[PDB]
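Peer 1: Okay, handing you the structure first.
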Amino acid sequence: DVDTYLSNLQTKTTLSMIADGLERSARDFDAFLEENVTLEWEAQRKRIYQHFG
Amino acid sequence: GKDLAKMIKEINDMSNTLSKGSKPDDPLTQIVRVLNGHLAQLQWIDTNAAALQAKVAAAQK
Amino acid sequence: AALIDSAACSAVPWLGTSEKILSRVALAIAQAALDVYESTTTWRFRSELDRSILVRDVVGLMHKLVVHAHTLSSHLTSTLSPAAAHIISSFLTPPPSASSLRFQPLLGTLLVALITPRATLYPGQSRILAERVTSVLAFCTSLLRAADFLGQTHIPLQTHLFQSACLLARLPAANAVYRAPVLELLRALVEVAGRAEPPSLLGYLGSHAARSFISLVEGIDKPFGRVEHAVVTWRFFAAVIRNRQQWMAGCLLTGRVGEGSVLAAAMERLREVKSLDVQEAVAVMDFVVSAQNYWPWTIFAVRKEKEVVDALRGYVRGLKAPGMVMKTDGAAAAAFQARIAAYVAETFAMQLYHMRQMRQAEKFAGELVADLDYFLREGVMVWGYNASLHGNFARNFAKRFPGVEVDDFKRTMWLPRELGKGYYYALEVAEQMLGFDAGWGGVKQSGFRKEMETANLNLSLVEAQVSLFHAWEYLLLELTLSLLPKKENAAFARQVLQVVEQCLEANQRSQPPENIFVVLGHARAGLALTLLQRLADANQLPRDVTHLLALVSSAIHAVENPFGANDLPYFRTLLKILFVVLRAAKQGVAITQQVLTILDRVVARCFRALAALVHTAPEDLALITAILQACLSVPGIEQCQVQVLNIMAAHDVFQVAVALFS
Amino acid sequence: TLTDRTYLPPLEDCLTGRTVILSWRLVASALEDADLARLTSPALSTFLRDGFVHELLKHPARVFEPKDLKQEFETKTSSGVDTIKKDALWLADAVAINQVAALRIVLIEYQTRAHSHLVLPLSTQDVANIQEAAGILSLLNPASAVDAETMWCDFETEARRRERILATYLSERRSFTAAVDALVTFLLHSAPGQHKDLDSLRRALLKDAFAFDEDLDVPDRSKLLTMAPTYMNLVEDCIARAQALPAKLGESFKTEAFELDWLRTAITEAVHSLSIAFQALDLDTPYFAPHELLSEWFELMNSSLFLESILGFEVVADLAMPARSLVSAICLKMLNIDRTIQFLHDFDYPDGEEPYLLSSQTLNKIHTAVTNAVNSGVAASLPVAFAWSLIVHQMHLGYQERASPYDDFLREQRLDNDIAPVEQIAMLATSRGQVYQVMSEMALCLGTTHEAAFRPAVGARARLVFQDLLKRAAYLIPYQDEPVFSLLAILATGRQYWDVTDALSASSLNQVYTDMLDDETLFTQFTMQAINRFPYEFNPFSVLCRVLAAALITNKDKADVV
Amino acid sequence: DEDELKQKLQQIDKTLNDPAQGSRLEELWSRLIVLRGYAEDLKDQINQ
């Protein structure tokens, strides 16, 4: 385990890698909003399908 | 040289383990490595061939 | 030197003087002192003590001149500004012909000190040489800091300071007194080598000499165990590790794992923080973080191999760390405890990130989440700024000192700000600058000194709170991903909701100043944003928006409506926060009356402002559209459609929409 | 129930580094710099508060007296230890010290190898870097400089290791002497207004070692007054080792450098012993010291030629001058010219202690010692000889008025009828103002200025004997410029203008100054005459006003005298 | 011809025995260990 950990290690500050979580969140939020608005359009269409009958 | 070799080895270890570390027996690092080998050999070919090409200009007197 | 010291007190006896006269006299004095310093390297004294005293005096004068110029940034330090400026221009970027004439005196002093024999007699000469060495070291440090400041990219003095450190590595061997000053100098040289690979220090020191110096300094004041020299050696180690030094860092961490390395003793000190002085604990934790962020593979490995002694002590510290410690016995220890907790949280977060990368962070995180009580108490809440006493002190100082203001004592960032009573206000200088007239001393240790000390302690506490904020933000951000499974959901959701509520309440309550600390706008909004994001991805919310949205609405109402102003990130993050909040509400009636305010006053106003400005805009308009779409989906709206028809028709949004569509 | 646990911690701690033994170097440094944090540190606090360290510092001879502690050595060395034990045994076989002290010194040297290596000559790369920096300043030695590899390979050798061990042993001896001296100084002449922790530590150390309690109206000086012979007897072994190196030591190590180092160490130890004795003596200024000890001390000085045999070399002048000054100071102290004249003129018994005045043998010994010293042609004996001459000049007249034990002395060496020898000695001493010049030099080396060889309090308490000598000698020899310049160089010492501070210190340190305004002899003869000779004789009055204004800044009772 | 030999030897020996050249490696090693720890941490974090 330690062998692979040292093999795949990069010379750089650790506090910068964890920071990437912010970027990843900012890039996931977009897709999450797109899923919100798609499940919303879906819901709306559904309620219309239950309005017409 | 020995210490430098150790360093390079460790760098390889860290890069390889960082990029992938849940299957060190996988075919990706394989392709990577072999493909690096090919790159190096191709570079050798290119450079040496260029050298020989340069060597011909001397005979063009 | 006495003339310069007297001129330093520019806050006052002085009939017959003026700023220009004092400035010219100070410039002439600086020129004369520099000429003497350049000429002393040629005179032949009957003995070495005379030259030593002369060098000590000139170095002390130059140091007092340099520090006085950068210690403050107000007009009080303008009388000696042409002089300090001259000395700095002449000791940082001298001509190449006379560059060595200004450096040979220091080299000769270091040589004479490193080859003076040890003697039990003649204590006068010994103390004079010690003071001379300390003055030279302080002057070197001041020059290094001055070069680091003002944006100096090419420092020709660094080449000589390296070969001077070559001697300073052995100089402490003659006298232990030099161990702290020397290390300080080295720390400042390393700092100048960071913001400027650097010249390899191992090439100047040497393998054997470097190993001897490391073996001498690794033990932090073991025979006595003082706090000053300890914080000094811990800051030195942190600075040496933070820079690109790699050979020295490896020899200092490994010790040639670690058996006699600095870390072997740092763990021994960490396992007794419950009784150790909080002042040294901060420096020890800073060293730990500096060794972890740059050399994690060693520090984290050793800590996991010995976690049975560190995790227990961390849990003990966390459980018995009250939030409001001001009211109890102790006022200055609050900032120290907050800084210690912030460093502990940062280290926990880093080790949890490493374990997650190694896929061994489940049990450790599950055991640590039960220790976040101190965080829930004094974490994201930064309302401990107590602007009341700060404003009172400012008014009392402006009423008694019309000319000098309270903000004039702000540090110029020349030296790393201490997390003590001198974080923002320069007390070391104020003590000698305002102590000439009655009012500073005060009866029964009262007056302006105690109030300034309390204000500095409060500012240090706020800084520690911000550090803990960042640490806990990272920790919770990684834990939200770690604790994805369906377990410990109750306490987890409770903690997240409490954090969000504390953030939203602090966003409304009194804000801190923007000139002292960093603007909080957009700094603590994304935190709650990503928290609610991940909690919605997990779908484990108690649909308790009935009260959570009130704070967001109050913030959106009392934000001055900077829809398109410079505060665009703040507006966007507030919009995303309200979006996720109203989406969580949709998953859940008394909700419609509480959510119609955003549909009536917020969405319409922002849409009209955007339509009027557009005559940046695309993403904001898309976000507003998504907000309205997700807000029109709440179940409470399918019945209040009648009630909302009029509010939606009053603004005639359809006209502007069709216009922009054209 | 006095073990060496805190004194000599287990070898496992010394080797693993978990507890660095508080060597005498660190204690001496902390006591010399008067650092608050170090002196109040837990480690040093527990080390000094232990009764074992108290008994050791009260009996330094036992710290190096040859004893048979083979059992203790084996028990300590059992439960890199082989090399440590071998070095300890070799050192114990070479020097007469016990095996425990040798083992402790070897452990301290092992812990201090970093310093011993860093104080070595630099490598070739360092010399090259220094030359590059230089572009006067020629304090290097490139002709002998070598690389680091050959410097380290030679450092780990056996001969070099033994030489470093011996050097560390000598350094630790000097550090122990300086540390005990500074400790006695701080315990006897503690400055006021110090931190509460320092006062508490002082009171604890006193009550534990000497039972000296400040709340008692009469503290127990017995255990503090018994520290004079404890070091006057060790000075014998010091001079014996100075005049003869260890025989069991290998001849290969007995090189010029080693001989010079041994001589310097012996001189430093003798100076520290003399200073400790002077301190223990001035602790009780008015009362006399036991004549049984002064007899032996004067016999010792007679035999050793006032340490002029070991100080006769020209390579120990820097250490000889202060050594001679301190010898003269302690001689004048034990002589008590002031109290001696008071007793000879008052005839009342002091009751503090019996003086040598009632023993004719001691008087004969002192007289023959002074005669031998003056015949040998040495300057260090100038003030002591002059003083003794004055005493004899007062005894002669005391006999003329009575024409009792001193009569035996006066008639034993044929000193009753003729007064030629002492008069000739005084004439030679006063010729060319040699006595005054040597006294001024001693005061300079025993003052408070940065040129002084000892601490400020040491010189402040050492100038008292010279001031008393000038007091009693002032009414004998008339007023003249030489004695005045001598007293000026004594009281002022030649310090600078910025050497004046308002730092409040113990009254004892201010005694040497206030005496000028306390005793009528030093008031109506020097101060009054100096004021009267103004501005004609400007330097005396000026320097007197300067020193008075510099010394009486905090003394509110005499702040308006200048 | 010894002079030429020791000249070459001195040149290469001088080139090797330099503070900077010797320091670069030491600096590099730590400079690597930084990335080692950073990568290992960021790896453990994204070890899912």
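Peer 1: Would you mind checking C:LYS304/C:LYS363; D:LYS58/D:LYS365; C:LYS327/D:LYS196 for any pair whose Cα atoms are more than 23 angstrom apart? Don't skip to the end; give the middle numbers.
Peer 2: Values: C:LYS304/C:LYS363 13 Å; D:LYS58/D:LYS365 29 Å; C:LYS327/D:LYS196 29 Å.
Exceeds cut-off: D:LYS58/D:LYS365; C:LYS327/D:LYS196.
Peer 1: In addition: Using the Cα atoms as the points, what is the convex hull volume per residue of chain C in Å³?
Peer 2: Enclosed volume per residue, from the Cα hull, is 221 Å³.
Peer 1: A further question follows. For the stretch C:526-662, treating each Cα as an identical point scatterer without solvent, what Debye log10 I(q)/I(0) comes out at q = 0.12, 0.14, 0.20 1/Å?
Peer 2: Calculated log10 I(q)/I(0) at the listed q: -0.48, -0.66, -1.31.
Peer 1: Would you list C:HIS160, C:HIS354, C:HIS208 from fewest to most Cβ contacts within 10 Å?
Peer 2: C:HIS208, C:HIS160, C:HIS354
Peer 1: Also, quick follow-up: For chain A, find the longest principal axis of its Cα atoms and tell me its angle to the long axis of helix A:14-52, 0 to 90°, nearest 10.
Peer 2: Around 10 degrees separate the two axes.
Peer 1: Using θ = phi - 60° and the Karplus relation 6.51 cos²θ - 1.76 cosθ + 1.60, list the HN-Hα couplings for the stretch C:644-657 in order, rounded to whole Hz, with x at every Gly or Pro.
Peer 2: Taking θ as phi minus 60°, the curve returns 8, 4, 5, 5, 6, 8, 5, 8, 6, 5, 4, 4, 5, 4 Hz for the stretch C:644-657.
Peer 1: Based on the Cβ-Cβ distance from C:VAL257 to D:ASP13, what FRET efficiency comes out when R0 is 25 Å, to the nearest 0.05?
Peer 2: Between C:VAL257 and D:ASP13 the formula returns 0.70.
Peer 1: Which entries of C:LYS64/C:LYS274; C:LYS222/D:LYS67; C:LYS222/C:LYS421; C:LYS222/D:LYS248; C:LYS64/C:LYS450 have Cα-Cα distances beyond 30 Å here?
Peer 2: Table pairs above 30 Å Cα-Cα are C:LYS64/C:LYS274; C:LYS222/D:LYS67; C:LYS222/D:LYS248.
Peer 1: In debye, nearest 20: dipole of the stretch D:489-562 around its Cα centre with unit charges on the Cβ of K, R (+) and D, E (-)?
Peer 2: About 220 debye.
Peer 1: Dimensions of the stretch C:439-479 along principal axes (Cα, Å, largest first)?
Peer 2: Answer, in whole Å and largest first: 53, 12, 6 Å.
Peer 1: Next question. Hey, what does the equivalent ellipsoid look like for the stretch D:134-249, semi-axes from the Cα gyration tensor as sqrt of 5 times each eigenvalue, largest first, whole Å?
Peer 2: 44, 23, 14
Peer 1: The stretch C:185-270: Rg/Rh from Cα coordinates, Kirkwood Rh?
Peer 2: Checking Rg against Rh, the ratio lands at 0.95.
Peer 1: If we count every other residue with Cβ under 13 angstrom of D:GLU236's Cβ, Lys/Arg +1 and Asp/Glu -1, where does the sum land?
Peer 2: Value of the local net charge: -4.
Peer 1: For C:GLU305 paired with D:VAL218, estimate the spin-label separation in nm (one decimal), with each label point 7 Å from Cα along the Cα-to-Cβ line.
Peer 2: It is 6.8 nm.
Peer 1: For chain E, what is the per residue volume of the convex hull drawn over the alpha-carbon atoms, in cubic angstrom?
Peer 2: On the way: hull volume 2.8 nm³, N = 48.
Here the figure is 59 Å³ per residue.
Peer 1: Please turn the phi angles of the stretch C:373-385 into ³J(HN,Hα) values with the Karplus equation 6.51 cos²θ - 1.76 cosθ + 1.60 (θ = phi - 60°), one per residue in order, whole Hz, x for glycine and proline.
Peer 2: Working through the residues one at a time gives 4, 4, 5, 4, 7, 10, x, 4, 5, 10, 6, x, 7 Hz.
Peer 1: Once label points are set 7 Å from the Cα along Cα→Cβ at both C:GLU268 and D:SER542, what is their separation, rounded to one decimal in nm?
Peer 2: 6.0
Peer 1: Given the convex hull over the Cα atoms of the stretch D:1-50, what projected area results after averaging over all orientations, in nm²? Please list the in-between numbers first.
Peer 2: Values: hull surface 15.0 nm².
Mean orientational projected area (the stretch D:1-50, Cα hull): 3.8 nm².
Peer 1: Another question, then. What's the center-to-center distance, using Cα atoms, between the stretch D:408-423 and the stretch D:150-212 in Å?
Peer 2: First find each Cα centre; the distance between them is then 48 Å.
Peer 1: Could I ask something else about it? Once the Cβ-Cβ distance between D:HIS393 and D:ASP351 is put in as r, and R0 is 22 Å, what FRET efficiency do you end up with, to the nearest 0.05?
Peer 2: 0.25
Peer 1: Along the three principal axes, how long is the protein assembly as shown when you take its alpha carbons, biggest first, rounded to the nearest angstrom?
Peer 2: Sorted largest first, the three principal extents are 153, 88, 77 Å.
Peer 1: At 37 °C and 0.692 mPa s, what whole-number value in µm²/s does Stokes-Einstein give for the translational diffusion of the stretch C:117-252, with Rh from the Kirkwood sum over Cα pairs?
Peer 2: My calculation gives 210 µm²/s for D.
Peer 1: Residues with beta-carbon under 13 Å from that of D:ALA460, excluding D:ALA460: net charge, scoring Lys, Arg +1 and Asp, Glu -1?
Peer 2: So the environment of D:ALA460 carries a net charge of +2.
Peer 1: In nm, to one decimal, how far is the modelled label at D:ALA506 from the one at C:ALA657, with both set 7 Å along Cα→Cβ?
Peer 2: 9.5
Peer 1: Sticking with this structure for a sec: I'd like to know which of D:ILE330, D:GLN99, D:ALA30 lies farthest towards the positive end of the charge dipole of the protein assembly as shown, counting +1 on Cβ of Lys and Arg and -1 on Cβ of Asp and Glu.
Peer 2: Highest projection toward the positive end goes to D:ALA30.
Peer 1: Given R₀ = 60 Å, FRET efficiency for D:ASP284-C:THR42 by Cβ-Cβ distance, to 0.05?
Peer 2: 0.65
Peer 1: If you put +1 on each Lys and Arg Cβ and -1 on each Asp and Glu Cβ, how big is the dipole of the stretch C:1-118 around its Cα centre, in Debye rounded to 20?
Peer 2: On the way: 9 positive and 7 negative charges, 38 e Å.
Rounded to the nearest 20 debye, it is 180 debye.
Peer 1: Within a Cβ distance under 15 Å of C:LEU520, other residues only, what is the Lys/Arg minus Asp/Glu net charge?
Peer 2: On the way: positive: C:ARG509, C:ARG524; negative: C:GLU463, C:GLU473, C:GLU505, C:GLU514, C:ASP567.
My count for the surroundings of C:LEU520 gives -3.
Peer 1: A further question follows. Have a look at chain D and give its Rg and Dmax from the Cα atoms, expressed in angstrom.
Peer 2: 26.0, 84
Peer 1: In addition: Among the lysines, select those whose C-alpha is under 25 Å from the C-alpha of E:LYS6, and discard any that sit fewer than 8 residues away in the same chain.
Peer 2: E:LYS14
Peer 1: OK, next. List, in order, the whole-Hz ³J(HN,Hα) value for each residue of the stretch C:466-480 obtained from phi through the Karplus relation with A = 6.51, B = -1.76, C = 1.60 and θ = phi - 60°; use x for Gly and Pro.
Peer 2: My calculation for the stretch C:466-480 gives 5, 4, 4, 4, 4, 4, 5, 4, 4, 4, 5, 4, 6, 5, 4 Hz in order.
Peer 1: Same structure again: Near the amide H of C:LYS410, under 5 Å away, which other amide H atoms are found, from residues 5 or more places off or on another chain, if H is placed in the peptide plane?
Peer 2: Amide H neighbours of C:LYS410, under 5 Å, 5+ apart: C:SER73.
Peer 1: I've got another one for you. Given +1 on the Cβ of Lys and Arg, -1 on the Cβ of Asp and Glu, and no further charges, what dipole in debye does chain C carry about its Cα centre, rounded to the nearest 20?
Peer 2: Computed about the Cα centre, the dipole is about 880 debye.
Peer 1: At a 10 angstrom cut-off on C-beta neighbours, averaged per residue, how do the peptides C:289-301, C:507-519 rank from highest to lowest?
Peer 2: Result, highest mean Cβ count within 10 Å first: C:289-301, C:507-519.
Peer 1: Can you divide the C-alpha Rg of the stretch D:358-431 by 2.2 N^0.38 Å and report the result to two decimal places?
Peer 2: The value comes to 1.07.
Peer 1: Roughly speaking, what is the centre-to-centre gap between the stretch C:179-252 and the stretch C:1-42 when only Cα atoms are used, to the nearest Å?
Peer 2: Using only Cα atoms, the two centres lie 36 Å from each other.
Only the coordinates and a few stated rules stand behind these numbers; no lab work does. Reconstructed Cβ throughout: ideal geometry from the backbone, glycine too, with neighbour counts over all protein chains shown.
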